[PDB]
2 protein chains.
Amino acid sequence: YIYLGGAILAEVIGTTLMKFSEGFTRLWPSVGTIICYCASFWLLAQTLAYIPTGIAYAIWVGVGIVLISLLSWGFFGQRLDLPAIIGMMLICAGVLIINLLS
Amino acid sequence: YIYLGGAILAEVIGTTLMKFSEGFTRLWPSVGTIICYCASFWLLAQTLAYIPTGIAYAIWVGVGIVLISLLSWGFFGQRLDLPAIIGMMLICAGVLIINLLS
Ligand SMILES: Fc1ccc([P+](c2ccc(F)cc2)(c2ccc(F)cc2)c2ccc(F)cc2)cc1
C-alpha cells in the first residue's frame with residue numbers, strides 16, 4: 001500500500017495524541033505513542049524517497065485537513081458551521097492558488 | 001500566542017539542515033535534524049492546547065508560505081500577477097479572521 005496514506009494517517013493520529021487525554025488512554029499503551037512518532041518518521045522517509053516533496057506537500061496538506069476535519073466532527077463531535085471553518089477554507093483556497101503559480 | 005511562529009522558525013532551521021545535508025555537508029547526523037523537527041512539533045503541541053488541530057494545520061501552511069517565499073526569493077512580492085495577489089490576500093484575511101476569533 002501507499003506510504004503516503006500511512007504517513008498522513010500517522011501524522012493525524014500522532015498529532016491528535018499530543019493534546020488528548022489528561023488520564024491514561026484506553027486501549028493504547030503510552031509507549032505506543034512513542035512507537036507512532038518513530039513510525040511517522042519511517043513512513044515520511046519512505047514517502048519522500050519516492051514522491052517529489054512539493055507535489056507531495058500539496059496532496060498532504062489537502063488530504064490532512066479534510067481527514068482531521070472528518071475526525072474532528074466524528075470522534076470529537078465538532079460542529080461544521082463554526083466561523084473558524086470558513087476562515088480555514090479561505091486559507092486553504094489561498095495556499096492552493098500560490099501552489100499553482102509557483 | 002507566538003508558539004506557532006517559533007514552530008515555523010524550528011521548521012526553517014530543520015528544513016535548511018536537511019537541504020544542507022542532502023546538497024552540501026556529508027557530516028551531519030539525521031537525529032539532530034529530527035530533533036529540530038521535533039522542536040517544531042513541541043511548539044505545535046503547546047499551540048494545540050489553544051488552537052484546534054485542523055485550524056492549526058491551515059495557519060502553519062499559510063504562515064509558512066509567506067516566510068518561505070520571502071527567504072527563498074530574498075524579498076517579498078516581486079513578480080505577482082492578479083491571482084497571486086488574491087492568493088496572498090486570502091491567506092492573510094483568513095488568518096486575521098482566526099486571530100479575531102477567540
Ligand atoms: F501542514 C503541514 C505543515 C508542515 C508539513 P512538512 C513536515 C513537518 C514536520 C516534520 F517533522 C517533517 C515535515 C511535510 C511536507 C511535505 C510532506 F509530504 C510531508 C511533510 C514541511 C517540511 C518542510 C517545509 F519546508 C515545509 C513543510 C506538512 C504539512
# chains A, B, ... in the order shown; residues from 1 in each chain; ligands from 1
>>> residues_around(residues="region 75-90 of chain A", least_positions_apart="2", cutoff="12 Å", atoms="only C-alpha atoms", output="MDAnalysis selection string")
(chainID A and resid 13 16 20 62 65:73 92:97) or (chainID B and resid 51:62 86:102)
>>> calpha_fit_and_write(fixed="chain B", moving="chain A", output="PDB file with N, CA and C atoms, in the first residue's frame")
ATOM      1  N   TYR A   1      10.784  31.924  26.472  1.00  0.00           N
ATOM      2  CA  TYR A   1      10.172  32.460  25.223  1.00  0.00           C
ATOM      3  C   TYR A   1       8.989  31.619  24.767  1.00  0.00           C
ATOM      4  N   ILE A   2       8.139  32.125  23.846  1.00  0.00           N
ATOM      5  CA  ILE A   2       7.032  31.356  23.295  1.00  0.00           C
ATOM      6  C   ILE A   2       7.452  30.081  22.570  1.00  0.00           C
ATOM      7  N   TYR A   3       6.776  28.959  22.887  1.00  0.00           N
ATOM      8  CA  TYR A   3       6.889  27.711  22.159  1.00  0.00           C
ATOM      9  C   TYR A   3       6.399  27.872  20.731  1.00  0.00           C
ATOM     10  N   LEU A   4       5.300  28.636  20.546  1.00  0.00           N
ATOM     11  CA  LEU A   4       4.665  28.897  19.264  1.00  0.00           C
ATOM     12  C   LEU A   4       5.583  29.528  18.221  1.00  0.00           C
ATOM     13  N   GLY A   5       6.408  30.524  18.620  1.00  0.00           N
ATOM     14  CA  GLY A   5       7.385  31.149  17.730  1.00  0.00           C
ATOM     15  C   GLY A   5       8.509  30.228  17.341  1.00  0.00           C
ATOM     16  N   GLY A   6       8.935  29.355  18.277  1.00  0.00           N
ATOM     17  CA  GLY A   6       9.882  28.287  17.980  1.00  0.00           C
ATOM     18  C   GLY A   6       9.315  27.230  17.069  1.00  0.00           C
ATOM     19  N   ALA A   7       8.064  26.810  17.317  1.00  0.00           N
ATOM     20  CA  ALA A   7       7.330  25.818  16.561  1.00  0.00           C
ATOM     21  C   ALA A   7       7.040  26.193  15.112  1.00  0.00           C
ATOM     22  N   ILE A   8       6.585  27.441  14.857  1.00  0.00           N
ATOM     23  CA  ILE A   8       6.412  27.960  13.505  1.00  0.00           C
ATOM     24  C   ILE A   8       7.738  28.026  12.754  1.00  0.00           C
ATOM     25  N   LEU A   9       8.801  28.523  13.422  1.00  0.00           N
ATOM     26  CA  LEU A   9      10.153  28.571  12.891  1.00  0.00           C
ATOM     27  C   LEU A   9      10.735  27.196  12.576  1.00  0.00           C
ATOM     28  N   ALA A  10      10.529  26.213  13.472  1.00  0.00           N
ATOM     29  CA  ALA A  10      10.860  24.822  13.263  1.00  0.00           C
ATOM     30  C   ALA A  10      10.139  24.186  12.077  1.00  0.00           C
ATOM     31  N   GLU A  11       8.820  24.437  11.891  1.00  0.00           N
ATOM     32  CA  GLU A  11       8.142  24.041  10.667  1.00  0.00           C
ATOM     33  C   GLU A  11       8.700  24.679   9.400  1.00  0.00           C
ATOM     34  N   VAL A  12       8.974  25.999   9.406  1.00  0.00           N
ATOM     35  CA  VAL A  12       9.580  26.679   8.268  1.00  0.00           C
ATOM     36  C   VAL A  12      10.960  26.142   7.897  1.00  0.00           C
ATOM     37  N   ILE A  13      11.881  25.969   8.872  1.00  0.00           N
ATOM     38  CA  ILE A  13      13.185  25.357   8.625  1.00  0.00           C
ATOM     39  C   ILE A  13      13.085  23.896   8.203  1.00  0.00           C
ATOM     40  N   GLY A  14      12.284  23.080   8.925  1.00  0.00           N
ATOM     41  CA  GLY A  14      12.083  21.666   8.631  1.00  0.00           C
ATOM     42  C   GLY A  14      11.477  21.393   7.280  1.00  0.00           C
ATOM     43  N   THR A  15      10.387  22.093   6.909  1.00  0.00           N
ATOM     44  CA  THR A  15       9.800  22.010   5.564  1.00  0.00           C
ATOM     45  C   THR A  15      10.711  22.516   4.464  1.00  0.00           C
ATOM     46  N   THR A  16      11.463  23.610   4.705  1.00  0.00           N
ATOM     47  CA  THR A  16      12.479  24.110   3.773  1.00  0.00           C
ATOM     48  C   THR A  16      13.581  23.096   3.500  1.00  0.00           C
ATOM     49  N   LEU A  17      14.039  22.374   4.544  1.00  0.00           N
ATOM     50  CA  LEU A  17      15.008  21.297   4.435  1.00  0.00           C
ATOM     51  C   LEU A  17      14.496  20.058   3.693  1.00  0.00           C
ATOM     52  N   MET A  18      13.165  19.861   3.549  1.00  0.00           N
ATOM     53  CA  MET A  18      12.606  18.768   2.759  1.00  0.00           C
ATOM     54  C   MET A  18      12.950  18.775   1.270  1.00  0.00           C
ATOM     55  N   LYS A  19      12.870  19.937   0.585  1.00  0.00           N
ATOM     56  CA  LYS A  19      13.115  20.003  -0.853  1.00  0.00           C
ATOM     57  C   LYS A  19      14.487  20.557  -1.214  1.00  0.00           C
ATOM     58  N   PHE A  20      15.288  20.927  -0.203  1.00  0.00           N
ATOM     59  CA  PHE A  20      16.550  21.621  -0.380  1.00  0.00           C
ATOM     60  C   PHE A  20      17.769  20.697  -0.424  1.00  0.00           C
ATOM     61  N   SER A  21      18.624  20.890  -1.450  1.00  0.00           N
ATOM     62  CA  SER A  21      20.009  20.435  -1.514  1.00  0.00           C
ATOM     63  C   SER A  21      20.178  19.007  -2.015  1.00  0.00           C
ATOM     64  N   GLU A  22      20.555  18.833  -3.301  1.00  0.00           N
ATOM     65  CA  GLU A  22      20.899  17.534  -3.866  1.00  0.00           C
ATOM     66  C   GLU A  22      22.283  17.031  -3.453  1.00  0.00           C
ATOM     67  N   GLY A  23      23.221  17.960  -3.159  1.00  0.00           N
ATOM     68  CA  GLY A  23      24.449  17.706  -2.408  1.00  0.00           C
ATOM     69  C   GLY A  23      24.201  17.764  -0.918  1.00  0.00           C
ATOM     70  N   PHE A  24      25.223  17.509  -0.084  1.00  0.00           N
ATOM     71  CA  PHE A  24      25.067  17.511   1.366  1.00  0.00           C
ATOM     72  C   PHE A  24      25.271  18.882   1.995  1.00  0.00           C
ATOM     73  N   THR A  25      24.287  19.335   2.795  1.00  0.00           N
ATOM     74  CA  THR A  25      24.184  20.686   3.345  1.00  0.00           C
ATOM     75  C   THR A  25      25.399  21.234   4.079  1.00  0.00           C
ATOM     76  N   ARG A  26      25.884  22.415   3.649  1.00  0.00           N
ATOM     77  CA  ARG A  26      26.852  23.234   4.359  1.00  0.00           C
ATOM     78  C   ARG A  26      26.417  23.593   5.781  1.00  0.00           C
ATOM     79  N   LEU A  27      27.354  23.629   6.768  1.00  0.00           N
ATOM     80  CA  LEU A  27      27.100  23.964   8.171  1.00  0.00           C
ATOM     81  C   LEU A  27      26.460  22.820   8.957  1.00  0.00           C
ATOM     82  N   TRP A  28      25.463  22.157   8.351  1.00  0.00           N
ATOM     83  CA  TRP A  28      24.461  21.360   9.016  1.00  0.00           C
ATOM     84  C   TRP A  28      24.575  19.858   8.709  1.00  0.00           C
ATOM     85  N   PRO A  29      24.979  19.006   9.656  1.00  0.00           N
ATOM     86  CA  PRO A  29      24.739  17.562   9.632  1.00  0.00           C
ATOM     87  C   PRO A  29      23.304  17.123   9.390  1.00  0.00           C
ATOM     88  N   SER A  30      23.105  16.066   8.584  1.00  0.00           N
ATOM     89  CA  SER A  30      21.800  15.587   8.135  1.00  0.00           C
ATOM     90  C   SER A  30      20.971  14.936   9.233  1.00  0.00           C
ATOM     91  N   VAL A  31      21.628  14.410  10.286  1.00  0.00           N
ATOM     92  CA  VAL A  31      21.003  13.994  11.533  1.00  0.00           C
ATOM     93  C   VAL A  31      20.423  15.178  12.311  1.00  0.00           C
ATOM     94  N   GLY A  32      20.931  16.412  12.081  1.00  0.00           N
ATOM     95  CA  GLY A  32      20.353  17.649  12.603  1.00  0.00           C
ATOM     96  C   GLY A  32      18.953  17.888  12.118  1.00  0.00           C
ATOM     97  N   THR A  33      18.681  17.576  10.838  1.00  0.00           N
ATOM     98  CA  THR A  33      17.342  17.589  10.253  1.00  0.00           C
ATOM     99  C   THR A  33      16.393  16.615  10.946  1.00  0.00           C
ATOM    100  N   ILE A  34      16.850  15.386  11.276  1.00  0.00           N
ATOM    101  CA  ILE A  34      16.091  14.428  12.083  1.00  0.00           C
ATOM    102  C   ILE A  34      15.780  14.945  13.490  1.00  0.00           C
ATOM    103  N   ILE A  35      16.778  15.562  14.159  1.00  0.00           N
ATOM    104  CA  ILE A  35      16.612  16.246  15.437  1.00  0.00           C
ATOM    105  C   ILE A  35      15.611  17.396  15.341  1.00  0.00           C
ATOM    106  N   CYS A  36      15.672  18.207  14.264  1.00  0.00           N
ATOM    107  CA  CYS A  36      14.731  19.275  13.949  1.00  0.00           C
ATOM    108  C   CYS A  36      13.292  18.792  13.800  1.00  0.00           C
ATOM    109  N   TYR A  37      13.058  17.643  13.134  1.00  0.00           N
ATOM    110  CA  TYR A  37      11.745  17.012  13.093  1.00  0.00           C
ATOM    111  C   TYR A  37      11.218  16.624  14.476  1.00  0.00           C
ATOM    112  N   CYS A  38      12.067  15.998  15.318  1.00  0.00           N
ATOM    113  CA  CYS A  38      11.747  15.683  16.707  1.00  0.00           C
ATOM    114  C   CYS A  38      11.462  16.915  17.563  1.00  0.00           C
ATOM    115  N   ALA A  39      12.288  17.968  17.414  1.00  0.00           N
ATOM    116  CA  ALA A  39      12.123  19.259  18.048  1.00  0.00           C
ATOM    117  C   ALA A  39      10.820  19.949  17.671  1.00  0.00           C
ATOM    118  N   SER A  40      10.424  19.880  16.384  1.00  0.00           N
ATOM    119  CA  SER A  40       9.172  20.432  15.877  1.00  0.00           C
ATOM    120  C   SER A  40       7.932  19.846  16.531  1.00  0.00           C
ATOM    121  N   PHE A  41       7.868  18.507  16.674  1.00  0.00           N
ATOM    122  CA  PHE A  41       6.838  17.836  17.451  1.00  0.00           C
ATOM    123  C   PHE A  41       6.837  18.170  18.939  1.00  0.00           C
ATOM    124  N   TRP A  42       8.020  18.266  19.581  1.00  0.00           N
ATOM    125  CA  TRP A  42       8.131  18.701  20.965  1.00  0.00           C
ATOM    126  C   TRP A  42       7.611  20.126  21.214  1.00  0.00           C
ATOM    127  N   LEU A  43       8.001  21.082  20.346  1.00  0.00           N
ATOM    128  CA  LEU A  43       7.512  22.450  20.347  1.00  0.00           C
ATOM    129  C   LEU A  43       6.016  22.578  20.092  1.00  0.00           C
ATOM    130  N   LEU A  44       5.474  21.817  19.121  1.00  0.00           N
ATOM    131  CA  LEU A  44       4.049  21.729  18.844  1.00  0.00           C
ATOM    132  C   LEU A  44       3.228  21.218  20.028  1.00  0.00           C
ATOM    133  N   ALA A  45       3.701  20.148  20.700  1.00  0.00           N
ATOM    134  CA  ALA A  45       3.097  19.603  21.902  1.00  0.00           C
ATOM    135  C   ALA A  45       3.066  20.572  23.084  1.00  0.00           C
ATOM    136  N   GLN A  46       4.165  21.317  23.335  1.00  0.00           N
ATOM    137  CA  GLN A  46       4.169  22.433  24.272  1.00  0.00           C
ATOM    138  C   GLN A  46       3.208  23.560  23.881  1.00  0.00           C
ATOM    139  N   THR A  47       3.171  23.922  22.581  1.00  0.00           N
ATOM    140  CA  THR A  47       2.287  24.957  22.037  1.00  0.00           C
ATOM    141  C   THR A  47       0.818  24.648  22.232  1.00  0.00           C
ATOM    142  N   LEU A  48       0.400  23.398  21.961  1.00  0.00           N
ATOM    143  CA  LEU A  48      -0.994  22.997  22.051  1.00  0.00           C
ATOM    144  C   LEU A  48      -1.321  22.336  23.384  1.00  0.00           C
ATOM    145  N   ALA A  49      -0.368  22.327  24.337  1.00  0.00           N
ATOM    146  CA  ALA A  49      -0.685  22.277  25.748  1.00  0.00           C
ATOM    147  C   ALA A  49      -1.345  23.564  26.246  1.00  0.00           C
ATOM    148  N   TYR A  50      -0.813  24.739  25.838  1.00  0.00           N
ATOM    149  CA  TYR A  50      -1.206  26.025  26.400  1.00  0.00           C
ATOM    150  C   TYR A  50      -2.097  26.885  25.505  1.00  0.00           C
ATOM    151  N   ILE A  51      -2.040  26.757  24.163  1.00  0.00           N
ATOM    152  CA  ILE A  51      -2.814  27.615  23.267  1.00  0.00           C
ATOM    153  C   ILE A  51      -3.973  26.807  22.660  1.00  0.00           C
ATOM    154  N   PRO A  52      -5.251  27.223  22.744  1.00  0.00           N
ATOM    155  CA  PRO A  52      -6.375  26.634  22.005  1.00  0.00           C
ATOM    156  C   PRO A  52      -6.136  26.397  20.521  1.00  0.00           C
ATOM    157  N   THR A  53      -6.414  25.183  20.008  1.00  0.00           N
ATOM    158  CA  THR A  53      -5.996  24.756  18.674  1.00  0.00           C
ATOM    159  C   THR A  53      -6.489  25.612  17.521  1.00  0.00           C
ATOM    160  N   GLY A  54      -7.774  26.024  17.519  1.00  0.00           N
ATOM    161  CA  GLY A  54      -8.350  26.821  16.437  1.00  0.00           C
ATOM    162  C   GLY A  54      -7.862  28.245  16.402  1.00  0.00           C
ATOM    163  N   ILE A  55      -7.720  28.863  17.589  1.00  0.00           N
ATOM    164  CA  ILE A  55      -7.122  30.179  17.777  1.00  0.00           C
ATOM    165  C   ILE A  55      -5.661  30.201  17.340  1.00  0.00           C
ATOM    166  N   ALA A  56      -4.895  29.162  17.746  1.00  0.00           N
ATOM    167  CA  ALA A  56      -3.519  28.945  17.357  1.00  0.00           C
ATOM    168  C   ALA A  56      -3.344  28.782  15.858  1.00  0.00           C
ATOM    169  N   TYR A  57      -4.224  27.995  15.204  1.00  0.00           N
ATOM    170  CA  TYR A  57      -4.212  27.713  13.778  1.00  0.00           C
ATOM    171  C   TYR A  57      -4.333  28.979  12.926  1.00  0.00           C
ATOM    172  N   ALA A  58      -5.219  29.922  13.316  1.00  0.00           N
ATOM    173  CA  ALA A  58      -5.326  31.232  12.696  1.00  0.00           C
ATOM    174  C   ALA A  58      -4.060  32.092  12.782  1.00  0.00           C
ATOM    175  N   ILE A  59      -3.409  32.154  13.966  1.00  0.00           N
ATOM    176  CA  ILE A  59      -2.095  32.772  14.118  1.00  0.00           C
ATOM    177  C   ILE A  59      -1.020  32.057  13.303  1.00  0.00           C
ATOM    178  N   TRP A  60      -0.967  30.716  13.406  1.00  0.00           N
ATOM    179  CA  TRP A  60       0.040  29.868  12.807  1.00  0.00           C
ATOM    180  C   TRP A  60       0.088  29.957  11.290  1.00  0.00           C
ATOM    181  N   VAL A  61      -1.073  29.855  10.609  1.00  0.00           N
ATOM    182  CA  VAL A  61      -1.159  29.982   9.158  1.00  0.00           C
ATOM    183  C   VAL A  61      -0.713  31.350   8.664  1.00  0.00           C
ATOM    184  N   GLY A  62      -1.176  32.429   9.335  1.00  0.00           N
ATOM    185  CA  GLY A  62      -0.830  33.800   8.975  1.00  0.00           C
ATOM    186  C   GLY A  62       0.620  34.149   9.166  1.00  0.00           C
ATOM    187  N   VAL A  63       1.206  33.815  10.332  1.00  0.00           N
ATOM    188  CA  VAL A  63       2.632  33.992  10.573  1.00  0.00           C
ATOM    189  C   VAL A  63       3.499  33.140   9.650  1.00  0.00           C
ATOM    190  N   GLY A  64       3.142  31.849   9.447  1.00  0.00           N
ATOM    191  CA  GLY A  64       3.938  30.904   8.668  1.00  0.00           C
ATOM    192  C   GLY A  64       4.098  31.266   7.216  1.00  0.00           C
ATOM    193  N   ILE A  65       2.995  31.663   6.553  1.00  0.00           N
ATOM    194  CA  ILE A  65       3.007  32.115   5.168  1.00  0.00           C
ATOM    195  C   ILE A  65       3.845  33.372   4.950  1.00  0.00           C
ATOM    196  N   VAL A  66       3.706  34.396   5.820  1.00  0.00           N
ATOM    197  CA  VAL A  66       4.533  35.597   5.780  1.00  0.00           C
ATOM    198  C   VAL A  66       6.009  35.313   6.013  1.00  0.00           C
ATOM    199  N   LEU A  67       6.330  34.485   7.030  1.00  0.00           N
ATOM    200  CA  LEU A  67       7.689  34.110   7.373  1.00  0.00           C
ATOM    201  C   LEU A  67       8.408  33.393   6.239  1.00  0.00           C
ATOM    202  N   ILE A  68       7.731  32.426   5.584  1.00  0.00           N
ATOM    203  CA  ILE A  68       8.321  31.706   4.471  1.00  0.00           C
ATOM    204  C   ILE A  68       8.295  32.505   3.174  1.00  0.00           C
ATOM    205  N   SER A  69       7.381  33.483   3.001  1.00  0.00           N
ATOM    206  CA  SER A  69       7.459  34.466   1.917  1.00  0.00           C
ATOM    207  C   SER A  69       8.659  35.392   2.024  1.00  0.00           C
ATOM    208  N   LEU A  70       8.924  35.921   3.239  1.00  0.00           N
ATOM    209  CA  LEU A  70      10.106  36.707   3.549  1.00  0.00           C
ATOM    210  C   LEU A  70      11.400  35.932   3.340  1.00  0.00           C
ATOM    211  N   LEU A  71      11.451  34.681   3.843  1.00  0.00           N
ATOM    212  CA  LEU A  71      12.535  33.749   3.594  1.00  0.00           C
ATOM    213  C   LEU A  71      12.713  33.387   2.123  1.00  0.00           C
ATOM    214  N   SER A  72      11.611  33.137   1.384  1.00  0.00           N
ATOM    215  CA  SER A  72      11.643  32.847  -0.048  1.00  0.00           C
ATOM    216  C   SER A  72      12.219  33.973  -0.880  1.00  0.00           C
ATOM    217  N   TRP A  73      11.811  35.234  -0.626  1.00  0.00           N
ATOM    218  CA  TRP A  73      12.476  36.403  -1.179  1.00  0.00           C
ATOM    219  C   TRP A  73      13.927  36.567  -0.724  1.00  0.00           C
ATOM    220  N   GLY A  74      14.210  36.394   0.582  1.00  0.00           N
ATOM    221  CA  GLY A  74      15.526  36.660   1.158  1.00  0.00           C
ATOM    222  C   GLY A  74      16.613  35.655   0.870  1.00  0.00           C
ATOM    223  N   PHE A  75      16.382  34.356   1.128  1.00  0.00           N
ATOM    224  CA  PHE A  75      17.430  33.353   1.016  1.00  0.00           C
ATOM    225  C   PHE A  75      17.408  32.694  -0.358  1.00  0.00           C
ATOM    226  N   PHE A  76      16.227  32.613  -1.005  1.00  0.00           N
ATOM    227  CA  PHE A  76      16.084  31.951  -2.293  1.00  0.00           C
ATOM    228  C   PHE A  76      15.847  32.930  -3.436  1.00  0.00           C
ATOM    229  N   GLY A  77      15.754  34.246  -3.147  1.00  0.00           N
ATOM    230  CA  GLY A  77      15.706  35.320  -4.139  1.00  0.00           C
ATOM    231  C   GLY A  77      14.403  35.509  -4.874  1.00  0.00           C
ATOM    232  N   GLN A  78      13.328  34.811  -4.474  1.00  0.00           N
ATOM    233  CA  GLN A  78      12.078  34.768  -5.217  1.00  0.00           C
ATOM    234  C   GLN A  78      11.369  36.125  -5.348  1.00  0.00           C
ATOM    235  N   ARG A  79      10.871  36.449  -6.559  1.00  0.00           N
ATOM    236  CA  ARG A  79      10.115  37.650  -6.890  1.00  0.00           C
ATOM    237  C   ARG A  79       8.850  37.896  -6.061  1.00  0.00           C
ATOM    238  N   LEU A  80       8.465  39.169  -5.849  1.00  0.00           N
ATOM    239  CA  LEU A  80       7.278  39.498  -5.071  1.00  0.00           C
ATOM    240  C   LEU A  80       6.082  39.790  -5.965  1.00  0.00           C
ATOM    241  N   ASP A  81       6.294  39.889  -7.291  1.00  0.00           N
ATOM    242  CA  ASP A  81       5.295  40.293  -8.257  1.00  0.00           C
ATOM    243  C   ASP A  81       4.871  39.134  -9.158  1.00  0.00           C
ATOM    244  N   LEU A  82       5.181  37.884  -8.758  1.00  0.00           N
ATOM    245  CA  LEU A  82       4.672  36.685  -9.404  1.00  0.00           C
ATOM    246  C   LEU A  82       3.151  36.567  -9.273  1.00  0.00           C
ATOM    247  N   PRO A  83       2.386  36.105 -10.265  1.00  0.00           N
ATOM    248  CA  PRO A  83       0.927  36.077 -10.177  1.00  0.00           C
ATOM    249  C   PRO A  83       0.456  35.045  -9.166  1.00  0.00           C
ATOM    250  N   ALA A  84       1.271  34.015  -8.875  1.00  0.00           N
ATOM    251  CA  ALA A  84       1.021  33.037  -7.837  1.00  0.00           C
ATOM    252  C   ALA A  84       0.870  33.644  -6.440  1.00  0.00           C
ATOM    253  N   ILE A  85       1.647  34.703  -6.115  1.00  0.00           N
ATOM    254  CA  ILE A  85       1.542  35.446  -4.860  1.00  0.00           C
ATOM    255  C   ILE A  85       0.162  36.063  -4.685  1.00  0.00           C
ATOM    256  N   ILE A  86      -0.395  36.650  -5.764  1.00  0.00           N
ATOM    257  CA  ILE A  86      -1.750  37.183  -5.802  1.00  0.00           C
ATOM    258  C   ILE A  86      -2.792  36.095  -5.552  1.00  0.00           C
ATOM    259  N   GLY A  87      -2.623  34.917  -6.199  1.00  0.00           N
ATOM    260  CA  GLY A  87      -3.469  33.738  -6.001  1.00  0.00           C
ATOM    261  C   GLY A  87      -3.474  33.224  -4.584  1.00  0.00           C
ATOM    262  N   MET A  88      -2.284  33.147  -3.963  1.00  0.00           N
ATOM    263  CA  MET A  88      -2.097  32.843  -2.556  1.00  0.00           C
ATOM    264  C   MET A  88      -2.781  33.811  -1.602  1.00  0.00           C
ATOM    265  N   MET A  89      -2.670  35.128  -1.858  1.00  0.00           N
ATOM    266  CA  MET A  89      -3.339  36.171  -1.101  1.00  0.00           C
ATOM    267  C   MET A  89      -4.862  36.119  -1.127  1.00  0.00           C
ATOM    268  N   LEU A  90      -5.468  35.788  -2.288  1.00  0.00           N
ATOM    269  CA  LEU A  90      -6.894  35.499  -2.400  1.00  0.00           C
ATOM    270  C   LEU A  90      -7.336  34.340  -1.513  1.00  0.00           C
ATOM    271  N   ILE A  91      -6.563  33.229  -1.481  1.00  0.00           N
ATOM    272  CA  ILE A  91      -6.796  32.129  -0.550  1.00  0.00           C
ATOM    273  C   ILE A  91      -6.660  32.565   0.907  1.00  0.00           C
ATOM    274  N   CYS A  92      -5.597  33.326   1.252  1.00  0.00           N
ATOM    275  CA  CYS A  92      -5.354  33.847   2.595  1.00  0.00           C
ATOM    276  C   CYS A  92      -6.465  34.749   3.121  1.00  0.00           C
ATOM    277  N   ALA A  93      -6.967  35.672   2.279  1.00  0.00           N
ATOM    278  CA  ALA A  93      -8.141  36.468   2.574  1.00  0.00           C
ATOM    279  C   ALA A  93      -9.410  35.636   2.761  1.00  0.00           C
ATOM    280  N   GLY A  94      -9.650  34.644   1.876  1.00  0.00           N
ATOM    281  CA  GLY A  94     -10.796  33.746   1.967  1.00  0.00           C
ATOM    282  C   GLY A  94     -10.829  32.859   3.191  1.00  0.00           C
ATOM    283  N   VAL A  95      -9.694  32.234   3.570  1.00  0.00           N
ATOM    284  CA  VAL A  95      -9.599  31.421   4.783  1.00  0.00           C
ATOM    285  C   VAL A  95      -9.817  32.222   6.060  1.00  0.00           C
ATOM    286  N   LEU A  96      -9.320  33.481   6.109  1.00  0.00           N
ATOM    287  CA  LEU A  96      -9.559  34.414   7.199  1.00  0.00           C
ATOM    288  C   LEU A  96     -11.040  34.709   7.414  1.00  0.00           C
ATOM    289  N   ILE A  97     -11.804  34.937   6.325  1.00  0.00           N
ATOM    290  CA  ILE A  97     -13.247  35.151   6.385  1.00  0.00           C
ATOM    291  C   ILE A  97     -14.020  33.962   6.957  1.00  0.00           C
ATOM    292  N   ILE A  98     -13.717  32.722   6.514  1.00  0.00           N
ATOM    293  CA  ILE A  98     -14.318  31.504   7.059  1.00  0.00           C
ATOM    294  C   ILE A  98     -14.002  31.303   8.538  1.00  0.00           C
ATOM    295  N   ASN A  99     -12.745  31.569   8.946  1.00  0.00           N
ATOM    296  CA  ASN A  99     -12.289  31.532  10.326  1.00  0.00           C
ATOM    297  C   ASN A  99     -13.083  32.463  11.258  1.00  0.00           C
ATOM    298  N   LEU A 100     -13.441  33.676  10.797  1.00  0.00           N
ATOM    299  CA  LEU A 100     -14.253  34.621  11.554  1.00  0.00           C
ATOM    300  C   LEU A 100     -15.734  34.261  11.679  1.00  0.00           C
ATOM    301  N   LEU A 101     -16.289  33.453  10.760  1.00  0.00           N
ATOM    302  CA  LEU A 101     -17.707  33.118  10.776  1.00  0.00           C
ATOM    303  C   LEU A 101     -17.981  31.741  11.372  1.00  0.00           C
ATOM    304  N   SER A 102     -16.921  30.994  11.722  1.00  0.00           N
ATOM    305  CA  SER A 102     -17.003  29.644  12.268  1.00  0.00           C
ATOM    306  C   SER A 102     -16.993  29.610  13.818  1.00  0.00           C
TER     307      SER A 102
END
>>> select_by_dssp(residues="chain A", states="alpha helix (DSSP H)", output="PyMOL selection string")
chain A and resi 3-19+30-50+53-74+83-101
